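J.: Sending over a structure as structure tokens; questions will come in a sec.
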Amino acid sequence: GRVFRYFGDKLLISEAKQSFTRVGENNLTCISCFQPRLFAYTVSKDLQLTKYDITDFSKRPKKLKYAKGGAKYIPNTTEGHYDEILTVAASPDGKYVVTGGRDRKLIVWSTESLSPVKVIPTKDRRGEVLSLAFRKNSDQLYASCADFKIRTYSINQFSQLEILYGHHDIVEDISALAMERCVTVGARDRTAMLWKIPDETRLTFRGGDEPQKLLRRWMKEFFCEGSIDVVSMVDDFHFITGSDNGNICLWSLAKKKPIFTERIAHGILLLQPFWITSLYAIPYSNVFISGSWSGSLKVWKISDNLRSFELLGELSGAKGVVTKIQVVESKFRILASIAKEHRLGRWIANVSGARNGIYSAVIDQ
Amino acid sequence: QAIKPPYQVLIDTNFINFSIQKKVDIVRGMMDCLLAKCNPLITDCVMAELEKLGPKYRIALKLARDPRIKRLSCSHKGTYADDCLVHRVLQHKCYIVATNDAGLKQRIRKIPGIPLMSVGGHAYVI
Amino acid sequence: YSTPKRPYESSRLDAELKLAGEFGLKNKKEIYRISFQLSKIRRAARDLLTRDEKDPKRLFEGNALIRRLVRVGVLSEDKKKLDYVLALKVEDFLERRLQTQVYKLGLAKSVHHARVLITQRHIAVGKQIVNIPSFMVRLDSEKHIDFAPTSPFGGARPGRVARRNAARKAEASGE
Amino acid sequence: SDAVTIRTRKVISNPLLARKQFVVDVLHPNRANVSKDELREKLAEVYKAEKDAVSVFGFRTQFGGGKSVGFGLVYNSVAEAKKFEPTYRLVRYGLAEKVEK
Amino acid sequence: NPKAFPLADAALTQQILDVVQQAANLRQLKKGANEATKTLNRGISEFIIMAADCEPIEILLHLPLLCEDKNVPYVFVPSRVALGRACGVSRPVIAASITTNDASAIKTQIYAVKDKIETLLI
Amino acid sequence: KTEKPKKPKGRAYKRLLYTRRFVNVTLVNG
């Protein structure tokens, strides 16, 4: 299980197809796309999920069906969301798609008729689900919870398997691949843990290094790390993290420290930088995409020695707060749930082009 | 109570006199049985009492004149080592007295909050 | 544990009533076990003080002495230079028990009611419901201190004694 | 009855004893100590030979609850169970008579 | 003329975000210049955390003067956004008040942080 | 055998003295 997709220099980024869809929702939190016929699934803070057809790369996503919650589902086993949904994840069989958020419920839906096929309570008043992760070509859903709990589910039986413990702040970002392991960040412990479910082992990597030593580097030739906002798993042996100070740390599983550390990508603006609100690495490739409220998607290409990465380009057509990046292939199409505010409701400092919708870009070869 | 290490010891002439005749180190004898850092302090009345035991006991005098031991004093003409350490310990709750004098020994038993000492470094709590 | 040398020492017996009333204890041998645990540790700290600086016995076991105390929560970060473990106090040990730390994390409203909670198969550390009041908290499971899925105030069952009051109403006022 | 989710770990076929041996991984939230029988009922219809071609034993469970770990066998036939199973396990499942002298 | 003093540096400010994060989880925090002012009127505050990026700043310049009058530690942070983030809160907070509690388990953190504030104020 | 003892045992016996000493030493230290 190692990286085999070397296609970064082929990418037609400078003439990529740029488009954007305005949608009927306020502050979208996550976009989820299925690839075997193609689909998309969007949740917002307006308690709405929307199903999309994206199989035509030449045009915008096709609005198909929509489901909206409300105060009618306040009782927790009511089959409907009453509070804001933080995440959405299509199941790898295409049969189901699951939503969950501040309502402390994970409500999974059939993709056919958009009917609530199961509601699952978290059974904890602080167990808000921030992110969901399916194992690739499997039915094991990894639920990130706000009470420092990680609840793992089997979809076809609609059951609870086990819970993982250990993080010291809330689990913001989790990623998983086809093997039974997942990377989690708590982001204010600033320690990211890998999780082997059968091996019953975890790996704790440590961030939050002091900028004082960087002052010596300023003598040799910054910004504080408090929140390692996102994480993305590249392959079985390496991954990447995104912080609140432009630092995108390239990580190996054998190294307690990052094998590489990216200082500011999206830039600044006594001085304040941007954060890293979105990060998508398409698996087993040499390439990954960063997104923020800076207004452009900075795409970077990993070196083949797995030691550093190099910039491929930007997408300057997506003005607003990028909350989730999805990429489908066949030719490449890039969808992004861009919003006026942050997923966890964090404040925006006069973002240029505050808008809700989906940005798309087609890159060839 | 407010008890914390390090410990503030008060040492008279008679304690050292039995220490040298038994060949047991003063500060090392304390820190082994106190198991923590000590604060060795000597008043001038202990040193002025050594002025008359001098012609036979210069050995303890040069033993007293070490940089390990911190200076303590009173500014009076005629006060002693006994009654000066009566009233300093009276207006505090943190001193320890290293001695073997039986007369000052009962005076420790009157004021609560003060540990006791003995033959050369066997500690006795309050 | 071990007995002290003096059985009747009044100001010593004063503070034993202070701490056990503070920390909600029930035995003086409970105090004697903590001092005897301290007695062997504070013994061995003097032995490495007799060794040379950068001594690999002093480097290996002396810093493993540090890491066992940084784990349990007693040793602070600034005082990590082998001398504060000679200038210690016993209340730092009594601080690190889970009997008081659940009360330090509110929720107990008495040092004696907290002991009542512990013995009734309440608070799980993680998934592990613990019934031992001397746990010496790991310093990283502190925010994970939370009620069981059962044993209400953690929910999911009212329990039969609340069901009797449910039965005393639903059968008398009902049928 | 809580969606048992039985897992089979360490699956190794032994063809010279005509079997696939595997560690039985059982979770049981809100349920304790299922059976020796229902495990032979459920695991027949993942491999599809016969009910009495499946042997299972062991099960020293997890302390506290919610998990049981045992060991299981599956045969290609019933005469494989008739001739190669331990004689008490055939007594255990009911398919053998209890001759006592 | 500086109007941004005392300004906390990096790892100190991170320590502020951790301790105020825990005390906010331990409910040992007041949000609001009205609230922090009234806790200064009650003498029930440990120390005060103030944001430097608040526009205007004059609405909270009385708080260092009142902390001088009551002998209370005080410091400036350059972000009200991260000052909101420490409160378990997704909107900007400009004023943070650490309330007095001797039954607190992170009281050693209070003593170390206030040791750093009194290190800076001299 | 005497029916005199009604006074608490152990922890509740430990409970009463610290409540008494909190009343006693507070006026004592003043």
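Residue numbers (the entry's author numbering), protein chains in the order written: chain 3F, 130 to 165, 184 to 222, 230 to 375, 396 to 443, 469 to 529, 536 to 570; chain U4, 57 to 182; chain SK, 12 to 186; chain SZ, 2 to 102; chain 3G, 5 to 126; chain Sf, 23 to 52.
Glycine included, C-beta positions come from ideal geometry on N, C-alpha and C.
(1) Is the beta carbon of residue 275 (chain 3F) less than 8 Å from the beta carbon of residue 230 (chain 3F)?
(2) Return the chain-ordered list of same chain residues with a C-beta closer than 7 Å to the C-beta of residue 139 (chain 3F), the five sequence neighbours on each side being excluded.
(3) On the three-state DSSP scale, how would you describe residue 151 (chain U4)?
(4) In chain order, what residues of the segment 86-112 of chain 3G put their CB closer than 8 Å to some CB of chain SK?
(5) Between residue 103 (chain SK) and the rest of its own chain, which residues show a CB-CB distance below 6 Å, the 5 nearest in sequence each way excluded?
(6) Beta-carbon of residue 28 (chain SK) versus every beta-carbon of chain Sf: anything under 8 Å?
(7) Please report whether the beta-carbon of residue 155 (chain SK) lies at a distance below 8 Å from any beta-carbon of chain B.
(8) Would you mind telling me which residues of chain SZ sit closer than 8 Å to residue 314 (chain 3F), beta carbon to beta carbon, in chain order?
(9) In the DSSP assignment, find the beta strand (DSSP E) that holds residue 345 (chain 3F) and state where it starts and stops.
(10) Since residue 4 (chain SZ) meets chain 3F, which of its residues come closer than 8 Å, beta carbon to beta carbon?
(11) Are the beta-carbon atoms of residue 363 (chain 3F) and residue 482 (chain 3F) separated by less than 8 Å?
(12) By DSSP's criteria, residue 512 (chain 3F) is part of a beta bridge. Which residues make up the other side?
(13) What's the call for residue 419 (chain 3F), buried or exposed, on a 16-neighbour Cβ count within 10 Å?
(14) Would you give the residue range spanned by the beta strand (DSSP E) that residue 477 (chain 3F) belongs to?
(15) Taking the straight line between their C-alpha atoms, what separation do you get for residue 95 (chain SZ) and residue 88 (chain SZ)?
(16) Skipping 5 residues on each side, what residues in its chain have a beta carbon closer than 7 Å to that of residue 8 (chain 3G)?
(17) Hey, does residue 562 (chain 3F) have any beta-carbon neighbour from chain 3G nearer than 8 Å?
(18) For a test of the three-state rule: what should DSSP assign to residue 547 (chain 3F), helix, strand or coil?
(19) When Cβ atoms are compared, which residues of the segment 263-285 of chain 3F fall closer than 7 Å to chain 3G?
(20) For residue 166 (chain 3F), decide whether its Cβ has a neighbour in chain 3G, counting only Cβ atoms nearer than 8 Å.
(21) Below 8 Å between beta carbons: does that hold for residue 86 (chain 3G) and residue 11 (chain 3G)?
(22) Are the C-beta atoms of residue 12 (chain 3G) and some chain 3F residue less than 8 Å apart?
(23) Taking the DSSP output, what are the residues bridged to residue 81 (chain SK)?
(24) For residue 185 (chain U4), does the three-state DSSP call read helix, strand or coil?
(25) Touching or not, the segment 151-168 of chain SK and the segment 104-118 of chain SK, by the rule of three or more beta carbon pairs under 8 Å?
(26) Taking a cut of 9 Å between CB atoms, which residues from the segment 106-119 of chain SK lie near chain 3G?
(27) Are the beta-carbon atoms of residue 28 (chain SK) and residue 39 (chain Sf) separated by less than 8 Å?
(28) Should residue 411 (chain 3F) go down as buried or exposed, given a rule of 16 or more other Cβ atoms within 10 Å for buried?
(29) Where does residue 160 (chain 3F) land, buried or exposed, given buried means 16+ other C-beta within 10 angstroms?
(30) Between residue 90 (chain SK) and residue 134 (chain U4), what straight-line distance do the alpha-carbon atoms span, to the nearest angstrom?
(31) Can you pull the chain 3F neighbours of residue 129 (chain 3G), defined as C-beta to C-beta under 7 Å?
(32) Kindly indicate which residue of 368 (chain 3F), 517 (chain 3F) and 192 (chain 3F) has the alpha-carbon position closest to the one of residue 254 (chain 3F).
(33) Mark residue 115 (chain 3G) as exposed unless 16 or more other C-beta atoms lie within 10 angstroms of its C-beta, in which case mark it buried.
(34) Checking the sheet assignment: what are the DSSP bridge partners for residue 66 (chain SK)?
(35) Taking all protein chains shown into account, do 16 or more other C-beta atoms lie within 10 angstroms of the C-beta of residue 13 (chain SZ), making it buried, or fewer, making it exposed?
(36) Quick one, which residues of the segment 540-558 of chain 3F are near chain 3G if we go by CB-CB under 8 Å, in chain order?
T.: The structure says:
(1) Numbered from its first residue, the first sequence carries residue 275 (chain 3F) at position 121. Numbered from its first residue, the first sequence carries residue 230 (chain 3F) at position 76. Yes; because the gap between Cβ atoms is below 8 Å, this pair is in contact.
(2) Position 10 of the first sequence, counted from the start, is the residue given in the question as residue 139 (chain 3F). Excluding residues within five positions, the ones whose Cβ falls inside 7 Å are 570.
(3) Indexing the second sequence from 1 puts residue 151 (chain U4) at position 95. Three-state result, residue 151 (chain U4): strand.
(4) Taking 8 Å as the Cβ-Cβ cut-off, the segment 86-112 of chain 3G approaches chain SK at 107, 108, 109 and 112, given in chain order.
(5) For this step, residue 103 (chain SK) is matched to residue 92 along the third sequence. Excluding sequence positions up to five before and after residue 103 (chain SK), its CB lies within less than 6 Å of the CB of 85, all in the same chain and listed in chain order.
(6) Position 17 of the third sequence, counted from the start, is the residue given in the question as residue 28 (chain SK). At a cut-off of 8 Å, the C-beta of residue 28 (chain SK) has a neighbouring C-beta in chain Sf.
(7) As a matter of chain content, chain B is missing from the structure shown, whose protein chains are 3F, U4, SK, SZ, 3G and Sf.
(8) Your numbering for residue 314 (chain 3F) matches position 160 in the first sequence. Close to residue 314 (chain 3F), with beta-carbon spacing below 8 Å, are these residues of chain SZ in chain order: 30.
(9) Within the first sequence, the letter at position 191 stands for residue 345 (chain 3F). Counting along the chain, the beta strand (DSSP E) containing residue 345 (chain 3F) begins and ends at 345-350.
(10) Within the fourth sequence, residue 4 (chain SZ) is the residue found at index 3, counting from 1. Chain 3F residues near residue 4 (chain SZ): 308, 311, 312 and 313.
(11) Locating residue 363 (chain 3F) in the first sequence gives position 209, counting from the first residue. Locating residue 482 (chain 3F) in the first sequence gives position 283, counting from the first residue. Taking 8 Å as the cut-off, the beta carbon of residue 363 (chain 3F) is found no closer than this to the beta carbon of residue 482 (chain 3F).
(12) For the purposes of this step, residue 512 (chain 3F) is taken as the residue at position 313 of the first sequence. Note: residue 512 (chain 3F) sits in a beta bridge opposite 498 (chain 3F).
(13) Locating residue 419 (chain 3F) in the first sequence gives position 245, counting from the first residue. Buried, because 16 or more other Cβ atoms sit within 10 Å of the Cβ of residue 419 (chain 3F).
(14) On the first sequence, residue 477 (chain 3F) is found 278 positions in, with the first residue counted as 1. For residue 477 (chain 3F), the enclosing beta strand (DSSP E) starts and ends at 477-479.
(15) Counted from its first residue, the fourth sequence places residue 95 (chain SZ) at position 94. Counted from its first residue, the fourth sequence places residue 88 (chain SZ) at position 87. For residue 95 (chain SZ) and residue 88 (chain SZ), the gap between their C-alpha atoms comes out near 11 Å.
(16) If you number the fifth sequence from 1, residue 8 (chain 3G) lands on position 4. These residues qualify, in order along the chain: 56 and 80.
(17) The residue given as residue 562 (chain 3F) occupies position 357 in the first sequence. Output row for residue 562 (chain 3F): interface = no.
(18) Position 342 of the first sequence holds residue 547 (chain 3F). If DSSP states are grouped into helix, strand and coil, residue 547 (chain 3F) belongs with coil.
(19) Within the segment 263-285 of chain 3F, no residue has its Cβ closer than 7 Å to any Cβ of chain 3G.
(20) Because residue 166 (chain 3F) lies between 165 and 184, and chain 3F jumps straight from the first to the second, it has no atoms in this structure.
(21) The residue given as residue 86 (chain 3G) occupies position 82 in the fifth sequence. The residue given as residue 11 (chain 3G) occupies position 7 in the fifth sequence. In this structure, the beta-carbon distance from residue 86 (chain 3G) to residue 11 (chain 3G) does not fall below 8 Å.
(22) Position 8 of the fifth sequence, counted from the start, is the residue given in the question as residue 12 (chain 3G). Answer no: the Cβ-Cβ gap between residue 12 (chain 3G) and chain 3F never drops below 8 Å.
(23) On the third sequence, position 70 is the one that residue 81 (chain SK) refers to. According to DSSP, residue 81 (chain SK) bridges with nothing at all.
(24) Nothing about residue 185 (chain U4) can be read from this structure; chain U4 reaches only from 57 to 182.
(25) The segment 151-168 of chain SK vs the segment 104-118 of chain SK: in contact.
(26) Those would be 106, 111, 112, 114, 115, 116 and 117, in chain order.
(27) The residue you call residue 28 (chain SK) lines up with position 17 of the third sequence. The residue you call residue 39 (chain Sf) lines up with position 17 of the sixth sequence. Going by C-beta atoms, residue 28 (chain SK) is nearer than 8 Å to residue 39 (chain Sf).
(28) Along the first sequence, one-based indexing puts residue 411 (chain 3F) at 237. Burial call: exposed.
(29) Taking the first residue of the first sequence as position 1, residue 160 (chain 3F) is located at position 31. Note on residue 160 (chain 3F): 16 or more other CB atoms within 10 angstroms of its CB, so buried under the neighbour-count rule.
(30) Counted from its first residue, the third sequence places residue 90 (chain SK) at position 79. Counted from its first residue, the second sequence places residue 134 (chain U4) at position 78. Residue 90 (chain SK) and residue 134 (chain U4): Cα-Cα distance of roughly 45 Å.
(31) In the structure displayed, chain 3G extends from 5 to 126; residue 129 (chain 3G) sits before or after that span and is not available.
(32) Start at 1 with the first residue of the first sequence, and residue 254 (chain 3F) comes out as number 100. Relative to the Cα of residue 254 (chain 3F), the nearest Cα in the group 368 (chain 3F), 517 (chain 3F) and 192 (chain 3F) belongs to 192 (chain 3F).
(33) Position 111 of the fifth sequence, counting from 1, holds the residue named residue 115 (chain 3G). Residue 115 (chain 3G) comes out exposed.
(34) Position 55 of the third sequence, counted from the start, is the residue given in the question as residue 66 (chain SK). Under DSSP, residue 66 (chain SK) takes part in no beta bridge, so it has no partner.
(35) Here residue 13 (chain SZ) refers to the residue found at position 12 when the fourth sequence is read from its first residue. The residue in question, residue 13 (chain SZ), is exposed, as its Cβ has fewer than 16 Cβ neighbours within 10 Å.
(36) If the cut-off is 8 Å between Cβ atoms, the segment 540-558 of chain 3F has 547, 549, 550, 551, 552 and 554 near chain 3G.
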